[PDB]
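>>> pasting an experimental structure, sequence included:
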Amino acid sequence: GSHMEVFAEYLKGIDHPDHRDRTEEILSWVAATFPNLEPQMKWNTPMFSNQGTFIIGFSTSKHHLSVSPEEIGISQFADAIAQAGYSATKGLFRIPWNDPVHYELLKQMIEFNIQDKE
């Protein structure tokens, strides 16, 4: 249903427009490839919830965008992310604002985490 309205308040408050508009590509894309998720404003950050759970959250960084489903995305898939050209942490992965988000690699882990949490 409606979801942009939740997030489109936080997008405004990004005082950093030169890298803002990347963030909303993801917001609509999650709500398009993974429509079984629903929106939630929590911690002043963007998350979504499959019928209430925590299977995705992100937030803008001062030079990157910090993305993860829960943990597994940063455990096993983090090796593919390394050789794709990006760093992670233990708890999320990071693309730098200048360079593209690997939407593909990240769909794999979120859709996997969903099908695995049956």
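Noted; the coordinates are in hand. Numbers count the residues shown, from 1 in each chain.
>>> quick one: the helices in the chain?
Assigned by DSSP state H, the chain shows helices spanning 4-7, 10-13, 20-33, 72-75, 78-84, 103-116.
>>> single out the most deeply packed of these.
Mean neighbour count (mean count of other C-beta atoms under 10 Å) peaks for helix 72-75 among the helices of the chain, with a mean of 18. Bear in mind the C-beta positions are built from the backbone N, C-alpha and C, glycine included.
>>> what's the closest non-adjacent residue to residue 73?
Excluding its sequence neighbours, the residue lying closest to residue 73 (C-beta to C-beta, 6 or more residues apart in numbering) is residue 109, at 3.7 Å.
>>> am I right that that neighbour is in contact with residue 70?
No: in this structure, residue 109 is not within contact of residue 70 by C-beta atoms under 8 Å, at 9.3 Å.
>>> returning to that earlier point: residue contacts, the residue nearest to residue 73?
Contacts for residue 109 (C-beta atoms under 8 Å, 6 or more residues apart in numbering) come out as 69, 72-73, 77.
>>> again with residue 14
By C-beta under 8 Å, 6+ apart, residue 14 lies in contact with 20, 23, 60.
>>> now, among those, which is nearest to residue 118?
Among the contacts of residue 14, residue 23 lies closest to residue 118 (C-beta to C-beta), at 30.1 Å.
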